[PDB]
Every structure is written in structure tokens, then in C-alpha cells.
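Peer 1: What shape does this take:
(one chain, ligands or ions: 3)
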Amino acid sequence: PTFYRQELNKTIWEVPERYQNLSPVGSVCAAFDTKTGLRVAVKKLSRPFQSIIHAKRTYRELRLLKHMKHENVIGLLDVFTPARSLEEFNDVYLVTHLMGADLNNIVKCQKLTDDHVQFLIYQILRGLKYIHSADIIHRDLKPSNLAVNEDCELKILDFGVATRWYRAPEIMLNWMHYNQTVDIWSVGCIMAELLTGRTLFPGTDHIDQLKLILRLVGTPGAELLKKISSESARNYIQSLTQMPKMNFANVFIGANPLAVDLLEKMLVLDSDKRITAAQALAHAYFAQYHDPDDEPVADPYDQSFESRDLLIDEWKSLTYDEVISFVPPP
Ligand SMILES: O=c1ncn2nc(Sc3ccc(F)cc3F)ccc2c1-c1c(Cl)cccc1Cl
Ligand SMILES: Fc1ccc(-c2c[nH]nc2-c2ccnc(F)c2)cc1
Ligand SMILES: Fc1ccc(-c2c[nH]nc2-c2ccnc(F)c2)cc1
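Peer 2: Numbering: from 1, shown residues only. Ligands and ions are numbered 1, 2, ... in the order given. Coordinates below:
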């Protein structure tokens, strides 16, 4: 393809002629895809090979986006570099279907009915079942990572306001063996906020976050305490004033009881006891949307590179191969 060059907010964009009307939103632009007639979101990766971590991270983001082919997950329409060889290669651009806003754009100033909450959370979980089936934990699900178009159709972005608020208490405790239900926690927090119009846990730091989480869900019971390896975490938790799990009907008063029932299955304190994305999609709150024959699972995802300790030039070369081997969704 033929490329053109421009400057948008100090950043320099070199993209094929097919992409027109670049409009600022790595750095991100909205554009018009003349080949398909659709509006797209285009991401320029900043300093992709600045260091080993940046290089592995560049490779990681690209491998992820190439694998994700699900309606409620962000995937790739296109990948390109203006580089005409591996040695020249120092820029990665990723393009996807533009939705046009995020969930935080919607919630704000806005009251959503129970049917809208059903539709939205159904989609998040449907997307998560797919992600979790590829052995991927999102880890940072929040409103700003949920892209929503005007039909209220939703795509999860950015797997690999304040992030803190939607984060699982075991991540706040700094447990290194947290599981996928860390994402179910976030969805529970996201749902709560759509039903109520306020942040369920607006904490000022990691300590306050945990404190307000335990006020709703209670202090750990015996079963959970037995699983905490760290003496200091336990000293702390058990030195707080003990707290019962609050009645979720009292707290979320006026909400569809089916939505309150799902809420408390998602926000169970012990992560071993939290509902999975697949289980949640079968919950009666989504009877209107659910179709087991249309909640697909992902092909096997090779994350074995995660363990590997490579040179910058090695991650670069690998990323280069992945740019070149790209075949669009068509
Ligand atoms: O609608 C969107 N669709 C996609 N993205 N992607 C990205 S990042 C990105 C990731 C993978 C790509 F292939 C390309 C990328 F740009 C950032 C925003 C975004 C939006 C969006 C917009 Cl355009 C405005 C306000 C809020 C959001 Cl969430
Ligand atoms: F079928 C088509 C052909 C061209 C366009 C178009 C509209 N504005 N700019 C372009 C354009 C500019 C430079 N290179 C291109 F490939 C496209 C749209 C649809
Ligand atoms: F105050 C607390 C105590 C425990 C948790 C917790 C929730 N799910 N899993 C854990 C957990 C399991 C094993 N080791 C840990 F450190 C944490 C969260 C907050």
C-alpha cells in the first residue's frame, strides 16, 4: 500500500491511503476505512521496542488481538507498519471496528433500565467466557475498557475514574495466585454501578479499597482465612473489626431481585466460590438473551512465550513475523 504522513498532537501518524479522516480520540485515532466503508479505531504503539518489557508487551498485545475473534471482544481488522524491512521496523499500528464511546461515557448523567443492564452485562460475560476459555485473565475490567456503540453493543478492550475500584480484593491483598474470577469481581462492580449510578467501592488507596470491600462482603470466614499464606496479611485482616456480609437485598433495594441474586454470586469474597462467566450466562437474569448455541469458546491460545526471557531484537523479529503473517477477518 501507499502511505501518507501527518502530525496529530505531537504524534506522527504514517498509515496507508485506505485510512482517511484521522481524528484523535499508545495513541489512538478514529479514521474512515475506505475499503470497507466503516469507521475504525487505529492505535499507534509508542516506543514498541524501547526495552525488553516494551518489546514483549508489544508482541503480547499483537498476539492477543490476532487471536480474539469474538463479537464482544476487540479483534484486528488490520495490522501494519510503514517499515519496509525488519531493520527499519520501529512502529506497530493496530486497527479495529470503532464503537465510539465507553461505558463510563454512558453511565455518566444517565439512568439505565434493568433491560439495558441485562443486555450490557450479558455481553461482558459472553465476551469473558470466550477470553477465559483461551486461558486469559483480563485483570483490568472497568467501564473505560468497555467500548460501546449506539446500538449498546459492547466490546471488551485492553486485557494484558480509577482501575482500583473495580479490582478484586485478593489483587489488593497482593495474592499472586488469583484466578479468572478476578474478572467476575469487576463485572459485579460494573453491574452494581449501572443499577445504582454510583461506584460500589470508591476507595482512596489499596487499604481503603479493601476496607470498603469488606464492609459490604464482610470480613473473611474461617474457610477463607485458612487459605491466606501470608502472616502479615492475616494479622492485618484479622486485626480489623469483624464485619458481617451485608444483605444484598437491603443494599441494592429496588433492583430486580434476579439482578441482586447474580450480584451476590459474583461478589462472593472467597474467589473459589464466585460464579464463572459460563455459569453466569446461564443465570436466570439473562433468560431473555441467553443461547448456549451462541456463546462460543476460543481456539487454543499459546501463551508459552510469557515464560520466556528474550532479547529486544528477538521480540521485534517475532512481532515482525506476526505483522506479516496477518490475514484479515474476511
Ligand atoms: O470505540 C472504540 N473502539 C475501539 N477503541 N480502541 C481503542 S485502542 C485499540 C485497540 C486495538 C486496536 F486494534 C485498535 C485500537 F484503537 C481505544 C478506544 C476505542 C474506542 C473508543 C473511542 Cl473511539 C472513543 C471513546 C471510547 C472508546 Cl473505548
Ligand atoms: F472506493 C473508494 C475509493 C476511494 C475512497 C476515498 C474517499 N476519500 N478518500 C478516498 C481515498 C483516498 C486515497 N486512497 C484511497 F484508497 C481512498 C473511498 C472509497
Ligand atoms: F481480606 C481478604 C482476604 C482474602 C481475600 C481473598 C479473596 N479471594 N481469595 C482470597 C485469598 C486467597 C488466598 N490467599 C490470599 F492472600 C487471598 C480477599 C480479601
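Peer 1: ok, which stretches of the stretch 51-200 of the chain are helices?
Peer 2: Secondary structure of the stretch 51-200 of the chain (DSSP state H, counting those that start in this stretch): helices located at 52-67, 103-107, 114-132, 169-172, 181-196.
Peer 1: Just confirm yes or no for the shortest one near ligand 3.
Peer 2: In other words, helix 169-172. Yes: counting by C-beta under 6 Å from any ligand atom, ligand 3 has neighbours in helix 169-172: 169-170. Using the backbone N, CA and C atoms, a C-beta is placed for each residue, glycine as well.
Peer 1: Which secondary structure elements does that helix sit against?
Peer 2: Applying 3 or more C-beta pairs under 8 Å, 6 or more residues apart in numbering; DSSP states H and E, one finds that helix 169-172 contacts helix 181-196, helix 206-217.
Peer 1: distance between the shortest one and the chain's centre?
Peer 2: What that stands for is helix 206-217. Relative to its parent chain, helix 206-217 has a centroid offset of 22 Å by C-alpha atoms, centre = their mean, to the nearest Å.
Peer 1: neighbouring contacts of it?
Peer 2: Helix 206-217 is contacted by residues 164-165, 167, 169, 172-173, 200-203, 240, 243, 245-246, 251, 267-269 when judged by C-beta atoms under 8 Å, 6 or more residues apart in numbering.
Peer 1: how about whichever helix or strand comes after that helix: buried residues?
Peer 2: Sequence order places helix 222-225 as the next helix or strand after helix 206-217, per DSSP states H and E. By 16 or more other C-beta atoms under 10 Å, the buried positions in helix 222-225 come out as residue 224.
Peer 1: Give me every residue in this protein lying close to ligand 3.
Peer 2: So the chain meets ligand 3 at 169-170, 173, 175, 220, 224, 227-230, 233, 237, 269-271 (C-beta under 6 Å from any ligand atom).
Peer 1: which of the residues you listed are buried?
Peer 2: Applying 16+ other C-beta under 10 Å to the residues of the chain next to ligand 3 flags 169-170, 173, 175, 220, 224, 228, 237, 269, 271 as buried.
Peer 1: okay, among those residues, which ones form the most distant pair?
Peer 2: 237 and 271 (14.8 Å; C-beta to C-beta).
Peer 1: Count residues in the vicinity of the residue of the stretch 101-250 of the chain found nearest ligand 2, would you?
Peer 2: Relative to ligand 2, the nearest point of the stretch 101-250 of the chain is residue 149 (21.9 Å; C-beta to the nearest ligand atom). Neighbour count of residue 149, defined by other C-beta atoms under 10 Å: 14.
Peer 1: Skipping adjacent residues, who's closest to it in space?
Peer 2: Nearest non-adjacent residue to residue 149, counting by C-beta to C-beta, 6 or more residues apart in numbering: residue 99, 4.2 Å away.
Peer 1: For residue 201, see how far away the one you found is.
Peer 2: In this structure, residue 99 and residue 201 are 26 Å apart, going by C-beta to C-beta, to the nearest Å.
Peer 1: Compare these two (neighbour count), which wins?
Peer 2: residue 201 (24 against 19).
Peer 1: Now do the contacts for that one.
Peer 2: If you count contacts by C-beta under 8 Å, 6+ apart, then residue 201 has 165, 189, 209, 212-213, 216 around it.
Peer 1: same check, this time on residue 100
Peer 2: Contacts of residue 100 by C-beta under 8 Å, 6+ apart are 39, 147-150.
Peer 1: Among those residues, give me the pair with the biggest separation.
Peer 2: Pairwise distances across these (C-beta to C-beta) peak at 14.3 Å, for the pair 39 and 148.
Peer 1: out of the contacts of helix 206-217, which are buried?
Peer 2: 164-165, 167, 169, 172-173, 200-201, 203, 245, 267-269.
Peer 1: In a markdown table, list these along with distance to ligand 1.
Peer 2: A markdown table is the format used below for the buried ones among the contacts of helix 206-217 (distance: C-beta to the nearest ligand atom, whole Å):
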| residue | distance to ligand 1 |
| --- | --- |
| 164 | 19 |
| 165 | 18 |
| 167 | 19 |
| 169 | 26 |
| 172 | 25 |
| 173 | 29 |
| 200 | 21 |
| 201 | 22 |
| 203 | 24 |
| 245 | 34 |
| 267 | 25 |
| 268 | 29 |
| 269 | 30 |
